[PDB]
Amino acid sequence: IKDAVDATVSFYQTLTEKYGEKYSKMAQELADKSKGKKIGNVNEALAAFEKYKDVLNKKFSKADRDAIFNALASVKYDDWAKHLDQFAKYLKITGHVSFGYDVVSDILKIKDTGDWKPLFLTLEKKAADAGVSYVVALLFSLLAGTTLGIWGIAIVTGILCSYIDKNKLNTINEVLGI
């Protein structure tokens, strides 16, 4: 675990390198906050996310978003899934861990439908008894193995705020500069 924690800190500095300094700390706040929390009413979460999404989408064009799905089409699971255990260790996830879930294939389906409902419901199901910290380990691992455009960072962060009670959804745009 010496490593898990050391590695996580490295992650945080790269987050700072890639995005805001503000961004990186926001991530930590979220990482911290989740420890222990279980996944609540997935509906309340979707509801809050869909509300933030509309705002975000008014600042980016269709073509802008598509660029994000297209970048994701080139990511292979092995590339980011490699960080899963490390995050699980740092977050102290003690419950069961659905290791073999490839979120990226799920997000890709959204490019065509525009429907986020399925994703949320499956994030709840795969977290199982592990709670909200599984969602963090999962998505942080994704961030760890990619360099996405602001829109994608905003969306991924939006999913995190929506499940992790601090609906600091209104602060995302600020932390990112959009």
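Heads up: residue numbers just count along the shown sequence, starting at 1.
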Q. If you average the Cα B factors in the entry, which is higher, 45 to 53 or 145 to 153?
A. 45 to 53
Q.
Quick check: 6 to 14 versus 162 to 170, which has the larger average CA B-factor in the record?
A. 162 to 170
Q) If you check the C-alpha B-factor for each of 119, 135, 68, 128 in the entry, which is highest? A) 128
Q | Options 58, 62, 111, 35 - largest CA temperature factor per the record | A | 35
Q | Chain thirds of CA B-factor: placement of residue 107 | A | lowest
Q: Pull the Cα B-factor of residue 90 out of the PDB entry and bin it into the chain's lowest, middle or highest third.
A: middle
Q. If you rank every modelled residue in this chain by C-alpha B factor, which third holds residue 76: lowest, middle or highest?
A. lowest
Q. By the record's CA B-factor, is residue 31 among the lowest, middle or highest third of residues in the chain?
A. middle
Q: Determine, from the deposited record, the chain-internal third of the Cα B-factor for residue 39: lowest, middle or highest.
A: highest
